[PDB]
Structure formats: structure tokens, C-alpha cells
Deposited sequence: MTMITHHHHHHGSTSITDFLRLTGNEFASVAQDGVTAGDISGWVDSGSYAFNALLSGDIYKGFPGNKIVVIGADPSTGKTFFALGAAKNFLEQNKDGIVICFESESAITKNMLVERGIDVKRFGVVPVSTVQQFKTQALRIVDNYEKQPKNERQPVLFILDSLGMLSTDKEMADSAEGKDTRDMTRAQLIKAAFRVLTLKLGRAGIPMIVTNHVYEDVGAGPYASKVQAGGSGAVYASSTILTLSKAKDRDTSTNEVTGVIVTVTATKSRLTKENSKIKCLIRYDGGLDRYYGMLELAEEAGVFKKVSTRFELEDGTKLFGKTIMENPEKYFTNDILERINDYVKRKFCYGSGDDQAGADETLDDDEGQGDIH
């Protein structure tokens, strides 16, 4: 009965319907896909590719000084998600009391597809997030709408006890199970954190620092996908989104696609324009052409 066996046959013996030969390109990784942040430059820092964004089934931590606008950063990502996925919903697990209908309506966020779950402890967050995820997981893959989770914020969750403590151990356990269950379910999660247990939330930790809306530096403080201490600049628009183009001039320069000659920038054909002019109409100057070339440089700077 027991002769020579291919890798295909050995994988079928597991009885695991999702086991696969890498040649078939159907790993959980292959199939997770990407959630466009709405910013090309932010997409680059995350995934080394302006066209990708957040891993479709993973947790990313965004840390900053309080009042830096992490909340508005995550709402920016939520706004692009709800536009690109007309049936997608956002569930925000909120430990502060900041989110209001008016804040969301003014930032062009559809308030019929944005939910708010007030939680004050690690145990309440874990239980209530998993009650949603466990339901979503039961549904046939065919019935499921796209879902984005936000946790605002991690460091403001207490523990049933505290309400020096157990806290570290509760967070490690909770994020082990969430990481597994979000990963299989295909739900990405943004986790905000005041910086003055994040190490358990994700292997990708980004820092915002300050300096139409608010400019931040985004640093890859810890990253699986791109080189640590990598930096882009990103614009959090007052009208809600992460700006599609802001930060791309800086990249176009170091990409050498726009040479800086004097008080202005040179293109391939020879044209000389002010930065302010390029950025006042970026659809004209950031053509499929220029974006491809910038993207090739992004692969090199951000992955190596």
C-alpha cells in the first residue's frame, strides 16, 4: 500500500483543506492581499510598494505622543477602506470617549458602516472582538463583507484586576488568539498606542511624530516587511483621508525621477516646475510612467 509519495499527497494526508504546495500560490499569505492606506508614500513604508498598503489579515501598531493625531491617522485609513469597499464595515474598539458622529460625518466617513464598541479592559476587548470574529468566521466565505478593525488605544486599556499588575501576560495571550483568528478570518486591525504590551500586538510597529491638514513623519520603528528606521511624510487631511500624493515629491527626488535644479524641479523631457506647482496638480505630473519608476526605487530603499 505504502510506496513513493509526492508533496501533494503528503499535504492531502494532513486532512487540512488549506495545506498547499507553494507553486499553487494559495497560502493564507498569498490570499490575504492588501488594504490601500490612501497614501502612496505610506503604502511604501508599510509594504515596500506604493500600490499595496496594510496586510489584509494582520495587526499593525501605530504609536505616537498623545495629541499627535493617531486617532485621525486611523480614521484616515478607515475612510479609504469604506470608499474602496462599498459594502465594507469598520468596527472601532475605543478605550477613550473621543469618537463622535460629527467628527466622522465631517471627515466623509459613512456613519452607517462605522461601529464603536466602548471597552475599558484587555478582557472586554478580547471577548467582544472575538464574539464578532467568531461569527464572521462561521459565515461562508461567499457571504462575508470586508471588515477593518481599529483599537484606539492599547495603552489606555486597563485589566479587570486593576479596575504593579498580569497585564503583560493578559495582552500576550489576547493578541496570540486575535492574531490567529484575524489572520484566518481575513480581518486587518490597526492598533493605536500612546508613546511617552505593543511588542505582543504586532511585529510591525510604526511611530508618528508631528511636523488642508496635519503633516506627520511615519517611521518603521519595527517591521517584518521593510527596513527599520525607514521614514516617509504623510498628510492627514482635515477632510478626513490620508493624502494620496503628499510625501511623493520627497521620494521622486531621492528616486532621481525629478532632479532639483535651483528653486524648482526638472523632469525627463526637461520641464522645470516649483514643488508647489507639482503638488497643486499631482494627477498631471505623477503619471503611471513616473509612479512605476518611483515604485522601483521604493522596492530598493524600503526592502534593502
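- No C-alpha positions are given in the record for the deposited-sequence stretches 1 to 9, 173 to 181, 184, 216 to 232, 248 to 257, 351 to 373.
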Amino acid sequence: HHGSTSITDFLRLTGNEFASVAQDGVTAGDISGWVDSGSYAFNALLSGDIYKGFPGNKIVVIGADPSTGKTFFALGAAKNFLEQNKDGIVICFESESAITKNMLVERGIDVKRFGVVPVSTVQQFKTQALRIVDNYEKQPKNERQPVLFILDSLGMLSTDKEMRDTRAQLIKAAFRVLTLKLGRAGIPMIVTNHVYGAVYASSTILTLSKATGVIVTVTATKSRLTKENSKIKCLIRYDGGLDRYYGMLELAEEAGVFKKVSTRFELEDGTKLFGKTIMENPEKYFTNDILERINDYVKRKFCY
From here on, numbers count along this sequence of modelled residues.
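- When the two stretches 219 to 227 and 186 to 194 are set side by side, the higher mean Cα temperature factor goes to 219 to 227.
- Of the two segments, 52 to 60 and 247 to 255, the one listed with the higher mean B-factor is 247 to 255 (C-alpha atoms only).
- Each of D134, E143, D152, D110 has a CA temperature factor in the record; the biggest one is found at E143.
- In the PDB entry, the Cα temperature factor peaks, among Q124, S158, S97, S202, at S97.
- Placement of the Cα temperature factor of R164 within the chain: highest third of the modelled residues, per the deposited record.
- Per the PDB record, residue ranking by Cα B-factor puts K138 in the highest third of the chain.
- When all modelled residues of the chain are sorted by CA temperature factor, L170 is found within the middle third.
- Sort the modelled residues of the chain by CA B factor and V116 lands in the lowest third.
- When the CA B factors of the chain's modelled residues are split into thirds, the value for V105 lands in the highest one.
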